[PDB]
């Protein structure tokens, strides 16, 4: 079941323009408040030649503060969990796809993901490691049959305050029939920091009615 402090173990396999890498880590969060903290480590292919921010939204909508009367697609999917697939199109022609499965083991959540990135310009801000943080965002969640579609414009903040724009589209798929919500939005705030070789992420997400 689900408790007010849930742990996660993370593993990602990925590549960006031919550079293979793997990341492992741990998280804790309150899924009813929509808050989580993650500690991540590059275990293969480090150091990464690209800004970490292009990966950070891959690292679980169970951690969303949902109103009491709104159907919670992600919490309903437990214990079996859910999976998602995402495309990410940047304004400079770079593109990425990511996918993840969210399941449970004896300690809490198991988060397994892959990432594939392509055509990030060599002199662009991602390959120059100029990313600082994503802007807070508002993602439109649209039910279609038994799955959810997510659409969010994302803005990567660079050093100096310039933004790099991207369009994120996601399909969320529970393993079973759940009660579908209405069309709604999820507001996110994802913040990145570091402690030595450890990447730290914090997310707060809140579902809201239109």
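Positions refer to the first chain, counted from 1.
- Deposited sequence between residue 59 and residue 60: 1 to 3 residues lack coordinates.
- Here the stretch with the larger average CA B-factor, out of 94 to 102 and 122 to 130, is 122 to 130.
- The deposited model assigns a higher average Cα B-factor to 68 to 76 than to the other stretch when 82 to 90 and 68 to 76 are compared.
- Residue 32: CA B factor in the highest third of modelled residues in this chain (values from the PDB entry).
- Ranked within its chain, residue 150 lands in the lowest third, by CA B factor from the PDB record.
- For residue 183, the recorded CA B-factor ranks within the middle third of the chain. Only modelled residues enter the ranking.
- In the deposited entry, the Cα temperature factor of residue 201 sits in the middle third of values across the chain's modelled residues.
- Split the chain's modelled residues into thirds by C-alpha temperature factor. Residue 176 is in the highest one.
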